[PDB]
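Student: Take a look at the following structure, please.
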Number of protein chains: 2
Amino acid sequence: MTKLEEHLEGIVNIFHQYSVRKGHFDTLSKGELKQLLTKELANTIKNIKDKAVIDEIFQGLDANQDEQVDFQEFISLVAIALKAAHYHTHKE
Amino acid sequence: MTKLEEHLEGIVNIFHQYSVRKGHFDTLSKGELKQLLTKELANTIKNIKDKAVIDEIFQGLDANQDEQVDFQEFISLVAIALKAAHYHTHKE
């Protein structure tokens, strides 16, 4: 039940772990996200294995249209994912 | 490192646990959120103990201005909180 804040900084260090390869700045493009998603969120988000699904999501975070998901853009990812968790019918 | 999806459904069942008292529908007002926040996110969000801080956040999720945070509105809460986690300087 009680996990205190390990779930917040937990998801944060998780993103830092699966999304580690970037340019000069923390670009963290769809490559890293796709990796994290297919292996971590494999059971949460509908067909998170699908690049079409991942594209949809990535593009939903990357409103910048620059192919970069920051921890903040990943924050919206967790929005999609938590939705996929409770609304696990298919947040889509 | 690897927590798979326990962090997504984890936060979800966490909200379900600390925010359990509602009306006929899952209203889940600032009372339940304040509780979860002060005890869970006590170390993450800046002065999450402050009702002024919590108000700011709650109101940020409750765009409906109806005093109801759903799991989806709590989804934006986790957006604030994950931000408070990595950007732990003070998402504010």
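Student: Under 12 Å Cα-Cα from B:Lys83, which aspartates and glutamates qualify once same-chain neighbours fewer than 8 residues away are excluded?
Tutor: Straight-line reach from B:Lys83, under 12 Å: A:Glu9, A:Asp70, A:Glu73, B:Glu92.
Student: Another one. Can you give the average number of partner chain beta-carbon atoms within 10 Å of each beta-carbon in peptide B:72-80, as a whole number?
Tutor: Going residue by residue through B:72-80 and averaging, the value is 5.
Student: Give me the distance in nm between label points sitting 7 Å out from Cα along the Cα-to-Cβ direction at A:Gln72 and B:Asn13, one decimal.
Tutor: 3.3
Student: Something else now. Holding the Cα-Cα limit at 32 Å, pick out from A:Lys3/B:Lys51; A:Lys49/B:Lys46; A:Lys39/B:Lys91; A:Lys49/B:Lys30; A:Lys49/B:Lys34; A:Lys3/A:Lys46 the pairs that are longer than that. Write down the numbers at each step before the final one.
Tutor: On the way: A:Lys3/B:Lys51 22 Å; A:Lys49/B:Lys46 36 Å; A:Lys39/B:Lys91 29 Å; A:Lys49/B:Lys30 36 Å; A:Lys49/B:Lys34 36 Å; A:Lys3/A:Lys46 26 Å.
Listed pairs above 32 Å: A:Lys49/B:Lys46; A:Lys49/B:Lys30; A:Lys49/B:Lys34.
Student: What is the Rg over Rh value, at two decimals, for chain B, using alpha-carbon atoms and the Kirkwood definition of Rh? Don't jump to the answer; show the numbers that get you there.
Tutor: On the way: Rg = 12.7 Å, Rh = 13.3 Å.
On the Cα set of chain B, Rg over Rh gives 0.96.
Student: Same structure again: Amide H of B:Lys46: which non-local residues (sequence gap of 5 or more, or other chain) have their own amide H closer than 5 Å, using H built in the peptide plane?
Tutor: B:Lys91, B:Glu92
Student: For peptide B:82-90, how many partner chain Cβ atoms fall within 10 Å of a residue's Cβ, on average?
Tutor: Details: counts 15, 5, 4, 10, 12, 5, 3, 0, 0.
Counting other chains' Cβ atoms within 10 Å and averaging over B:82-90 gives 6.
Student: Let me spell out the model: positive unit charges on the Cβ of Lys and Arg, negative unit charges on the Cβ of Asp and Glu, origin at the Cα centre of chain B. What dipole size does that give, in debye rounded to 20?
Tutor: The dipole magnitude comes to about 380 debye.
Student: Most exposed first by the Cβ proxy, i.e. fewest other Cβ within 10 Å, how do B:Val20, B:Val12 rank?
Tutor: Numbers: B:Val20 11, B:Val12 24.
Arranged by neighbour count, lowest to highest, B:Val20, B:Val12 become B:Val20, B:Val12.
Student: Give me Rg/Rg_expected for the protein assembly as shown, where Rg uses Cα atoms only and Rg_expected = 2.2 N^0.38 Å with N residues.
Tutor: Working: Rg = 15.7 Å, N = 184, 2.2 N^0.38 = 16.0 Å.
It is 0.99.
Student: Only sites in a loop by DSSP and with at most 16 other Cβ atoms within 10 Å count here; which chymotrypsin sites (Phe, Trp or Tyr not before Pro) in the range B:17-61 make the cut?
Tutor: Details: sites: B:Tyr18, B:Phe25, B:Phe58; in loops: B:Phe25.
Listed in order of number, the matching sites are B:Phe25.
Student: Could you work out, residue by residue across B:33-43, how many beta carbons of other chains sit within 10 Å of that residue's beta carbon, and then give the average as an integer?
Tutor: On the way: counts 0, 0, 0, 0, 0, 0, 3, 7, 4, 2, 4.
Going residue by residue through B:33-43 and averaging, the value is 2.
Student: Continuing with the same structure: Put +1 on the Cβ of every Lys and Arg and -1 on every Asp and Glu Cβ in the protein assembly as shown; which of B:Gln59, B:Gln72, A:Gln17 then has its Cα farthest towards the positive end of the dipole?
Tutor: Projecting each Cα onto the dipole axis, the largest value belongs to A:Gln17.
Student: What are the nm distances, shortest first, from B:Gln35 to its equivalents in the other copies, labels at 7 Å along Cα→Cβ?
Tutor: Inter-copy label distances (nm, one decimal, shortest first): 4.1.
Virtual Cβ from ideal backbone geometry, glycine too; neighbours counted across all protein chains shown. Computed from the coordinates by the stated procedures, all read-outs in this text should not be read as laboratory data.
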